[PDB]
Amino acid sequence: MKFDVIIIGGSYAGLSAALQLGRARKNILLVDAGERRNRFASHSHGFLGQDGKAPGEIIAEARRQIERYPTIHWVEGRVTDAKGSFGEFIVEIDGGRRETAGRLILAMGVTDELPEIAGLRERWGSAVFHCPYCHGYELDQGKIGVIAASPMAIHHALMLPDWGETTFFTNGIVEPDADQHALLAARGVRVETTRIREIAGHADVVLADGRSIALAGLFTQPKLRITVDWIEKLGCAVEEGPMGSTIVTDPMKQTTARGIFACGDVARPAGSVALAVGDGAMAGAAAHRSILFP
């Protein structure tokens, strides 16, 4: 039957949304495909109360708690289509199954598209990362590499000295100007301009000139993709730039489409678990308020 809210995506953001709506006893459906952005990492860091915990265990415990609310409904599955408008949205699940709802919350996360460097992808989440707060500390102030992939490369490079002795591999992507050259030096960054052939060993960068640089870990900047083809038909504006796509939201997490809210990495290009949880909580309350004061 017609749900009050369908939440598309059931990880940190979508669960945090569900929790608020279940405590308000609203009739909601969480639909989740179970492929979370941090599945590649062994331990989560930086989220208060859970620093060090396995990312899947944080989820498992959140779920045990959220399942105690009988108005929260759950389907494991993937939304293959969604359409309609305020008060009458229609969602298709696994190309079969169809459900309807008066409001939608989009909490799908993003997928990371990485530079095309042999060896890099296999190492994602174990020796190659994107977020220094997330995974820099445990490199124990060893040698750290930063691979340019994006316009922002130099900014990311200037951050990593606070975590170890940093080498910035421009990889033909970026050529710093005199002021950038001067700043990289003062901040103690080694700038390596030789192209990268592959990542080998734990996090050894093999350069095109034959040299190999042994590092404790590597960071680069992924391009973020939203992996559904139906956002346009719902009518939400999406911000599209060199580092990927983000659903536009206001400070209350409403998208440009009435009745549709978004939260988590799908709506924040530099997200974290702490922020997904915060933004999901806001999105659940805002959707509730849209039902109370329509």
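In this text, residue numbers run from 1 along the sequence as written.
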- Hey, which bit's got the bigger mean C-alpha B factor in the entry, 157-165 or 78-86? 78-86
- Hey, which bit's got the bigger mean C-alpha B factor in the entry, 144-152 or 109-117? 144-152
- Note on the structure: Comparing C-alpha B-factors across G136, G96, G188, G102 in this entry, the winner is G96
- Message: Among the choices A127, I213, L224, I199, identify the one whose CA B-factor in the record is greatest.
- Response: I213
- Query: C-alpha B factor of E67, ranked within the chain: lowest, middle or highest third?
  - Reply: middle
- Note on the structure: Temperature factor at the Cα of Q50, chain-ranked in thirds, falls in the lowest
- Against its chain's modelled residues, does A41's Cα B factor rank lowest, middle or highest third? middle
- Item | Modelled-residue ranking by C-alpha temperature factor, third containing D229 | highest
- Task: Please place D265 in the lowest, middle or highest third of its chain by C-alpha B factor as given in the entry.
- Result: lowest
